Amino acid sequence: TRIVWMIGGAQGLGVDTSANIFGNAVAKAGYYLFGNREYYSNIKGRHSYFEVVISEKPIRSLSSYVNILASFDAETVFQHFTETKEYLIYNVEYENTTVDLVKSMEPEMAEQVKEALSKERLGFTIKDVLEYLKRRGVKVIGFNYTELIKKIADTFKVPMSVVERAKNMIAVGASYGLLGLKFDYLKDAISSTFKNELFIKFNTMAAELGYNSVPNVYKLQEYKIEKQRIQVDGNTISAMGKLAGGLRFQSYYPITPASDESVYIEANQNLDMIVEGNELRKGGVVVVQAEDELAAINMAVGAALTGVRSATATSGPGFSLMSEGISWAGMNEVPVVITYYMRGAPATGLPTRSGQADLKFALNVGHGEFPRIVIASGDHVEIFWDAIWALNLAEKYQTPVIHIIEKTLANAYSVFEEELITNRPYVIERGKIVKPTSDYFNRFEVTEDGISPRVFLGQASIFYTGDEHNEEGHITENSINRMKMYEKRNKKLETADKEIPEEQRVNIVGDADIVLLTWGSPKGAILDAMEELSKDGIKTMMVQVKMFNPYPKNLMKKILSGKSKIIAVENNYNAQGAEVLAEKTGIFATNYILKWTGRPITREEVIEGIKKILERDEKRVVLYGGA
């Protein structure tokens, strides 16, 4: 079973919680979920939507189609009717509403709505959309929502305006009704989300009204949950892994995709710790809201000089501002993690959408040559373990580590087995830390492997400087010192490249002559696509890079060897991941599946991309689905 539900509405109609309630009920019944939120850079009024993919098995990707579209306004119908395959739940009050009356809709979308209707000679009303849907076997289910909100207000003897938000739960109730799961799980998920007794009871009645107004069409049965399951987003799971990794200082500046992580850390900043002699102790993570990103990076880097495991979190505009401070951390061999929530760029870009367009910048950030360790998480479970790994990398190689998490994963959520993030031990590797034997300590000893023994501020006299420096940390222009120190810092990256298995730096799935070369968020959509393609006799394998620096160059040579198709699948225009492969090995991708609209690549986009390439050697398939 793979069933795709979508709900939509105006931002600030609390529809996003509607969607978490629907998901919560389905999950309690035993179904895995993958969910996504799409929103405008906008607080109230614009169209948001929420796709939830339901399955008895763990689910890894979004789809280009919706089985059931739930709606209570005109705009959600107009924005998603071309993606709707089995059922529309809609509000009959809008049947004669024309596209032009939806004021909150971008004129570019209105033009495209009209284009899609005109294409088969329909006008521009909701009624016309209903015919468009009926031409495709879609069953439309109309509600007089006004009359239902009335009946509820009547019952709770209130005016309609107190209960108006219950349109949401009528839609959710009816959607869930189509599925055929038992009402109790929807009632419990209601009670559990709202606080106020009264909100609980009128929303419950609204779901009931929706649920009883429809037939059981999917006939889904309950499943038993054998192992504990969790529902989490990318932000939160990044926070969980850092805290698990021993993070105790984070500075940030608010920016949409990353503010959530630092607010979550701060709401839970007083951590239980099991310390020496097995004592419970509390320890606090210091979280600072910086005045700008230059301060954020520099507070983190200063913190780390005290021995604290420090990090910051940001997105593209903010990352650009941090470049100088990262260069300083490089020069002074400061452990620090920068969580890079990569969003739609350049400049302000698409603040609420995603992108993979800053990989090369990340690999070359700031002036000078120094190791920049760069990893990119491909899904939610990776984010957890990659967060701990980042922190260990930073202290083992005493240098900045950039942890890329695309926006798409930050605001997506998934339901998966808790044990995926508790089964293995949480290993903390602090690297070459030593006890100073006397009052004055040389922080920058030249060793063969690049890595100088480190002590913390307070433990002895040490010096850091932005200038080139000798082993004591004092400003030195001497040519030979310069030759030695500058090499020493860069040699760490050679040490990293010897010490880190190349197998840890990529995930390889399958064995075939068609390679899907990727990194980051497309992992999920590709793995799902491979299974469907397999079943039509198309053999493929995924090669997914996790660590771009040090790059797994020998393993990539060995693997991509005599392969006839190497298809780069990325959310950018230049296939930056394929560009790094080519710089490191000379191997060029043969074809590309590319998306730069800011919305995730879906399973079906990949299937259709791969077939377009196999059946006509299309060089670049350019994707663009999603409202």
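All residue numbers refer to positions in the sequence shown, first residue = 1.
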Subject >> Between 335 to 343 and 440 to 448 (mean CA B-factor, as deposited), the higher >> reply: 440 to 448
Original post:
Per the PDB record, is the mean Cα temperature factor higher over 430 to 438 or over 313 to 321?
Top reply: 430 to 438
**OP:** Between 523, 136, 121, 372, let me know which has the highest C-alpha B-factor in the entry?
**Re:** 121
**OP:** Quick one: which of 580, 43, 593, 589 shows the highest Cα temperature factor in the PDB entry?
**Re:** 43
**OP:** Report the third (lowest, middle or highest) to which the CA temperature factor of residue 548 belongs, ranking only the modelled residues of the same chain.
**Re:** lowest
**OP:** Classify residue 64 as lowest, middle or highest third according to the C-alpha B-factor given in the PDB entry, relative to its own chain.
**Re:** middle
Subject >> Third of the chain's Cα B-factor distribution that residue 252 belongs to, per the entry >> reply: lowest
Original post:
Which third, lowest, middle or highest, does the CA B-factor of residue 33 fall in along this chain?
Top reply: middle
**OP:** Within this chain's modelled residues, let me know which third the CA B factor of residue 51 belongs to: lowest, middle or highest.
**Re:** middle
